[PDB]
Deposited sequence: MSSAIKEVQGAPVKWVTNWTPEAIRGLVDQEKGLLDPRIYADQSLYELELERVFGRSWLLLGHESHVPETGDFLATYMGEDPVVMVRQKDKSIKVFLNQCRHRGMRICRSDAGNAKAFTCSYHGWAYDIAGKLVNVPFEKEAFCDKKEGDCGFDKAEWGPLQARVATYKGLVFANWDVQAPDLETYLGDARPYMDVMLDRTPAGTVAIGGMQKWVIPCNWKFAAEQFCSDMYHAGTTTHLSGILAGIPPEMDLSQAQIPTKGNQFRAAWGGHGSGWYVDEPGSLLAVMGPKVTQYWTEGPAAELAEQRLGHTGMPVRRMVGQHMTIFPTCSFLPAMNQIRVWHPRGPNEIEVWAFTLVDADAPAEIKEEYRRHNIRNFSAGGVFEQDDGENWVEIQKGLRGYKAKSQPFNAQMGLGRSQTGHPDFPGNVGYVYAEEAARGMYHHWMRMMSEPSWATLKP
């Protein structure tokens, strides 16, 4: 059994060591569903996925299927996609518009709020219907993105995010009109632990600046240019959140990274012109030179990952210690030119879908890591997470928070440290910021 003492020993942020059992152990996974996914804020999508009354999206919170649905009064409700009678899925399609929901098993009927409004033969058989609707989650929106949490005692979304918000606003708060999601959500299955995926977008620019994506950059650069002529971005920074295990990393003053991925038209839109000036104006309060930030990765713990410059967003749905589902979509500025929106759409497919020239190599790596962890000796020794150890500072002139070098694992150590904290501290009294 996993005692709080034993759980604390799994992660050491001071020495920079990780016990590989965290990615493979079945008992730890089952505790994760309770201690981590059962009380964290999880991304379910965007407001534009459910714009009108009755519009729904069927998604997940961990392994719990949920229904996100817009109400008549313009609010958004999130409830468990499970009938409390005998457990049948209430909402059986991916997305659409509903006037009501009905259980296919015994015909228990619900309104779009998830309230139990009709029980067949109730008079002859029965009990209060208001007590027997499916479990409701707390719902909160941050600039278009819809988050949900089961735990009433968990801190609110804003407090939960903390000083990670400036780096989210780089993507979300560029225009007064806000963002909108491009239609369609890509879904695929990777046989690996969610933490490898979450850590990568939290802290791992290192893999993109080294060997993983040499072929991906080759795919993006002009035919006349070869790999030896490709510019190697080395300048940049990394952010670790004060609380929550959130993290971000970005390049500074070197577009070669973004140029290969998103093309010249997107890079021009991101760095030059009226749109880039307005974005820097709106982000003036943070004091960040957002036009100099070119290519960024970010994770909101545990499983909300995005690439602010490229506008790729994904949720990692856990499927046991050895599997995940990747659900991916893309955002654009609501008032962005139709030509720019097409460039974001086409390049996001080209790079980050299941067949994407970047994604292909990520899954290839994670698949083999997980397979290795079936071995006894492969779990017997700690992984090295000592990169950038004691090199981050809280007083950077350009970027707020605990900031270090772009090639570091300070954000990673913070992610695993917070994981450890969520896994070992049952009461929010000690866990909260």
List in ascending order the stretches of the deposited sequence, numbered from 1, that lack C-alpha coordinates. 1-17, 144-152
